[PDB]
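Enquirer: Just add 6 to the spot in the sequence shown (first one is 1) and you have the authors' numbering.
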Amino acid sequence: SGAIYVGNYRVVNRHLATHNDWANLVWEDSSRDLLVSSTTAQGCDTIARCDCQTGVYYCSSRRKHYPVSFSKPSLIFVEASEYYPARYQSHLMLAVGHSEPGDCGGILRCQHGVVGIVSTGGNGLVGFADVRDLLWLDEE
Ligand SMILES: CO[C@@H](C(=O)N1CCC[C@H](C(N)=O)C1)c1ccccc1C
Ligand SMILES: [Zn+2]
Numbered sequence: 007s008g009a010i011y012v013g014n015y016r017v018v019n020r021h022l023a024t025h026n027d028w029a030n031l032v033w034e035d036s037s038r039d040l041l042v043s044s045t046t047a048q049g050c051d052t053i054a055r056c057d058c059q060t061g062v063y064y065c066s067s068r069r070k071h072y073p074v075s076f077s078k079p080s081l082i083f084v085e086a087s088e089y090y091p092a093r094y095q096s097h098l099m100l101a102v103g104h105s106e107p108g109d110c111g112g113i114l115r116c117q118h119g120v121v122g123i124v125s126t127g128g129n130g131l132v133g134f135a136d137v138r139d140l141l142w143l144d145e146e
């Protein structure tokens, strides 16, 4: 589990969104595994606006933050799971790192701010849903 709290927005994995998230919906995209809902309180996270390919992510199944090198956001095949059928997920970045189901929502960050959240993984890989192209998260 986990979310990004920027301005009056809460960014979560679409597959882990709550009923309150759907009832306060701003934007969702199944192909990216992302959903954004509105918040009453202002958050403290800032979004990175850069092309970094190195950063640090939080792994809840280890209670640890790990440094990683990650690929550029791309269209990658993600196998059928209990949340989606076999499909291509867009804006996804892969890295070598530990991940389990329950680690989705952990933040990946670089020197400029938050880059994205854990969305996929297995067999010593971890995948992150990029948020750096969502410029509207910085206003209104
Ligand atoms: C099968 O679970 C993995 C996964 O890639 N999923 C499940 C959750 C939905 C993911 C998606 N974005 O389509 C696909 C998973 C997730 C995160 C970290 C480690 C794993 C092993
Ligand atoms: Zn950066």
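Where is the CB? At the ideal position from N, CA and C, for every residue including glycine.
Between the C-alpha atoms of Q48 and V42, what's the straight-line distance to the nearest angstrom?
Expert: 14 Å
Enquirer: Tell me whether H21 counts as near ligand 1, meaning its Cβ is closer than 7 Å to at least one heavy atom of that ligand.
Expert: yes
Enquirer: So what's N129 in DSSP terms, helix, strand or just coil?
Expert: coil
Enquirer: Please confirm if the segment 56 to 74 is in contact with the segment 28 to 42, defined as three or more CB-CB distances below 8 Å between the two stretches.
Expert: Not touching, per the Cβ criterion.
Enquirer: Check for me: the beta strand (DSSP E) holding residue 161 runs from which residue to which?
Expert: Outside the displayed range of the chain (7 to 146) lies residue 161, so it cannot be described from this structure.
Enquirer: Have a look at the DSSP bridge pairing and note the partners of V12.
Expert: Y15 and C50
Enquirer: Should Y94 be labelled buried (16 or more other beta-carbon atoms within 10 Å of its own) or exposed?
Expert: The residue is exposed, with fewer than 16 neighbouring Cβ atoms inside 10 Å.
Enquirer: Which class does residue 4 belong to by DSSP, given the choice of helix, strand or coil?
Expert: For residue 4 there is no data in the structure shown, the boundaries of the chain being 7 and 146.
Enquirer: Take the Cβ of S105 as the centre, count every other Cβ of all protein chains shown within 10 Å, and call the residue buried at 16 or more, exposed below.
Expert: buried
Enquirer: Measure the C-alpha to C-alpha separation of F83 and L98 and round it to an integer number of angstroms.
Expert: 10 Å
Enquirer: Would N129 be called buried (16 or more neighbouring beta carbons within 10 Å of its own) or exposed?
Expert: By the neighbour-count rule (16 or more Cβ atoms within 10 Å), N129 is not buried but exposed.
Enquirer: Among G127, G13 and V18, which has the Cα closest to the Cα of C50?
Expert: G13
Enquirer: Would the beta-carbon of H118 be found less than 7 Å away from any heavy atom of ligand 2?
Expert: yes
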